[PDB]
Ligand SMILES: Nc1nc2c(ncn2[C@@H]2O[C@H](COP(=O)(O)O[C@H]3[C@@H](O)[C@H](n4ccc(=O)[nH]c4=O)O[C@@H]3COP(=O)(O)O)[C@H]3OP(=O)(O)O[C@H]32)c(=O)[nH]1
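Presented below, as structure tokens, is a lone chain in the form solved without the ligand.
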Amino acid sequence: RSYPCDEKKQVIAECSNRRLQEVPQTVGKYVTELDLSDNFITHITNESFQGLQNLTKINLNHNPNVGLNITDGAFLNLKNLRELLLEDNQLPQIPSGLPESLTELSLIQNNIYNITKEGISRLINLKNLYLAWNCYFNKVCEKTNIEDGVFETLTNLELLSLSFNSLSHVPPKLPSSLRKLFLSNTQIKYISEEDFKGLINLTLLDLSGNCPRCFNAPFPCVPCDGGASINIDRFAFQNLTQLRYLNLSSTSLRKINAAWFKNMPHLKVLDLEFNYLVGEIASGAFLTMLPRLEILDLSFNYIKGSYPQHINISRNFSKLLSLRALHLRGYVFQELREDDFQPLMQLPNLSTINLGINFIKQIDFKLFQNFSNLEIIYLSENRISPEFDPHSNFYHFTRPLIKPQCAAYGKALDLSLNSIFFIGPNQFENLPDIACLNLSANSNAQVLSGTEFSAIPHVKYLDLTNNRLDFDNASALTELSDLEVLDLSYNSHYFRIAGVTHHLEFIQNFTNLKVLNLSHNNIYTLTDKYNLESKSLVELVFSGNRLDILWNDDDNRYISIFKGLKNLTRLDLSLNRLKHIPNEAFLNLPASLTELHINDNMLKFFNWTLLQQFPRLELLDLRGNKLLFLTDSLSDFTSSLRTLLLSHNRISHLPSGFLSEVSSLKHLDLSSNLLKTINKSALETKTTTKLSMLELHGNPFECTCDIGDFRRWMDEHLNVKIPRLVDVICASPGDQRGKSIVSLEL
């Protein structure tokens, strides 16, 4: 049982976020990677790691966790160290006498303003060198000094990142080994033809945020004199024949010199966000130079204060023969016509068009059918009617446009966050065969009645979340006979009113429906039909409703509410304010359940016996309740249960014979409870057990001699992992107070 770290093969010592004061001295021989991020370590000496020659990767990010002291040659011993992460350590300098074995070194987010030869030029094996985010924004720092020729000695260097430092010119004498070069936000105003002249291997170049476009910047932003464009010499890119990625976002570009791409036949991704390129999108000589380009990002090039009637796309867009994705967020215009996108219509591979955040008031949807294979039509965040992760893209989020669960079904159309407050009879005509539709957050209050989706009747995943839907007709959505996933979360507006009717009967009319989400609808009363019924349904999410009201002891109408979900395997009843479940109501839950969540309720009572009616239940989640008794006879009540989740309850005593003969149970979580001790027969199985994971952190353990039968049990069963031992802590007595229980003389 490793302590304090958590070990595994995958051979990694996970030692992060554990209030460590110093490199622990207790780590296994077979360990090759040590992760000590997020601790309180302030010193590193050549002792620190002395009995650890086999380490190939150390991670010391974020130490002390709110300046790390490192002795010259501290790691110099570690003769197999390939990767050293020293991010966010308040380091005032590159550490002296780093080992030559390093292929990877990260000094992101430090106070290093001097990039010296003593520092680095030594380390001739480097492939990846990260020096970003040392001087930036309103931080108190100095201009970055790069010793001349410091990088030329690193002749296998492939990735150099110096972003978010004050450099003012590209540094000279860079090794021709380079594949990727990040120079974003370095306050460079001029690129000469010398700067990159030798880098014949470069696949990526990032010059974003030099001469930034500052208007409405969400960060401290300093533009070049007068808002000036960055100045890029005609021949600056002439020997960059392998470039596939070019980031020129926020460089205040008004004009794109086509000749920049004369010698760049492989360009795949061009990022041109936050520029002033309305004019060049209408004209655009440079589009003829990019016949292999697959992704083009021209987001946020809107003219301050303008709201043009229409968008203006050059005919030269038809020359982007390989184009797969076109991002045109934040251009800002009122109407999209069939004609305005003619140049895009013959591109064979264009599968994504993104027009989010343009305040578009109207669109001629028939246009979209005139395309070869659009798969994703993203119109989120428009007007349509009836603090910076260093390792992430700085100019936008990188999560996919459409949830992949929805996109997997086919053609997707995302109309979320609009003003489509009522769906009328022709709203969806002239559309392609949409498989995935997002109407989330449209302030939609209509009564759906079985015809609104008849022009796209093959929708398979329908997102209707965050509306105000009025469920006053039993034929709602029944035109969608292939429906597989229906999300109705956050439609509480009408559900919360007792006096209006509420019809959930249409659920039974689907033959392929597998997942239904009814969460946060405040459901506590229904009209006429009190049961949910489906033959197909496999997961129901019912969190954030009022079962406590539906199952009131004095009302029997909802006693069978879920029973007719004949195929259900997964049911989520969290956040339903449940004090107790009536025995009849619990026994009327579908017997096909394999997963049941009743967490974050106020349960003061669970009848363990009724599990006997649930021969397939593998997971029971009772976290975040107020339970205070565990049955002593669980072996009698289930033989399928694998995982019991009982953290954040008020369990004070673990009964003797609890494990009894529960052979199937593997994961038992009893963290954050009121356990003062565990006794021998609470632990005894005479059977063959599968238990491998047992969570006990956050209990107020009594660290008298009564704790020894459990300490002994830990040694007796090293096959059972107890995570976060350093959080398995002595409450009493006061000297023991704050001790981990394993750290005690018994």
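Between two forms, the rigid core is defined as the largest C-alpha subset superposing within 1.5 Å. In this text, residue numbers run from 1 along the sequence as written.
Participant: Check whether residue 44 has no coordinates in at least a third of the other compared PDB entries of this protein, counting only entries that model residues on both sides of it.
Facilitator: No, modelled in all of them.
Participant: If we scan the other compared entries, does residue 718 go without coordinates in at least a third?
Facilitator: No: coordinates for residue 718 present in every compared entry.
Participant: Quick one: classify how much of the deposited chain lacks coordinates between residue 10 and residue 11, choosing none, 1 to 3, 4 to 9, or 10 or more.
Facilitator: Missing residues, residue 10 to residue 11: 1 to 3.
Participant: Using none, 1 to 3, 4 to 9 or 10 or more, say how many deposited residues go missing between residue 386 and residue 387.
Facilitator: Unmodelled stretch: 10 or more residues.
Participant: Higher average CA B factor in the deposited record is what I'm after, so tell me if that's 433-441 or 304-312.
Facilitator: Comparing 433-441 with 304-312, the higher mean C-alpha B-factor belongs to 304-312.
Participant: Please compare 469-477 with 516-524 and name the stretch with the higher mean C-alpha B-factor in the deposited structure.
Facilitator: Going by the record's values, the stretch with the higher mean is 469-477.
Participant: For the C-alpha B-factor as written in the entry, point me to the maximum among 203, 252, 534, 613.
Facilitator: Top of the list by C-alpha B-factor: 613.
Participant: Could you check 209, 218, 73, 564 and tell me which one carries the biggest Cα B-factor in the deposited entry?
Facilitator: Among 209, 218, 73, 564, the highest C-alpha B-factor in the entry belongs to 73.
Participant: Quick check on the deposited entry: does the C-alpha B-factor of residue 637 sit in the lowest, middle or highest third of its chain?
Facilitator: For residue 637, the deposited C-alpha B-factor lands in the highest third.
Participant: Quick check for you: using the entry's CA B-factors within this chain, is residue 631 in the lowest, middle or highest third?
Facilitator: For residue 631, whose C-alpha B-factor we compare with every modelled residue in the chain, the answer is the highest third.
Participant: With respect to C-alpha B-factor, does residue 580 fall in the lowest, middle or highest third of the chain as deposited?
Facilitator: Highest third, going by the recorded CA B-factors of the chain.
Participant: Using the temperature factors of the C-alpha atoms in this entry, rank residue 118 within its chain: lowest, middle or highest third.
Facilitator: Answer is highest: the recorded C-alpha B-factor places it there.
Participant: Please rank the C-alpha B-factors of the chain's modelled residues and tell me whether residue 190 sits in the lowest, middle or highest third.
Facilitator: It falls in the middle third of the chain.
Keep in mind that the form solved in complex with the ligand is not shown, yet the notes after this line are about it.
Participant: Is there any non-hydrogen atom of residue 299 lying within 4.5 Å of the ligand in the entry with it bound?
Facilitator: It does: once the ligand is placed as it appears in the entry with it bound, residue 299 has a heavy atom within 4.5 Å of it.
Participant: Would residue 82 count as a contact of the ligand in the entry with it bound, using a 4.5 angstroms cut-off between non-hydrogen atoms?
Facilitator: Result no; residue 82 lies far from the ligand in the entry with it bound.
Participant: Taking heavy atoms and a 4.5 Å cut-off, does residue 398 contact the ligand in the entry with it bound?
Facilitator: Because a heavy atom of residue 398 falls inside 4.5 Å of the ligand in the entry with it bound, the answer is yes.
Participant: Please run the contact check for residue 329 against the ligand in the entry with it bound: heavy atoms, 4.5 angstroms, yes or no?
Facilitator: So residue 329 counts as contacting the ligand.
Participant: Choose one stretch from 553-561, 320-328, 669-677, 641-649: the one whose residues place a heavy atom within 4.5 angstroms of the ligand in the entry with it bound.
Facilitator: Looking at the partner contacts, the answer comes out as 320-328.
Participant: Scan 627, 135, 269, 526 and let me know which has any heavy atom within 4.5 Å of the ligand in the entry with it bound.
Facilitator: Contact with the ligand in the entry with it bound is made by 269 alone.
Participant: Out of 261, 658, 245, 190, which one falls within 4.5 Å of the ligand in the entry with it bound, going by heavy atoms?
Facilitator: In short, 245.
Participant: Which one moved? Candidates are 147, 584, 142, 661, criterion is a Cα shift of 2 Å or more between the shown form and the other one after superposing on the core.
Facilitator: Comparing the C-alpha positions, the one residue that moves 2 Å or more is 661.
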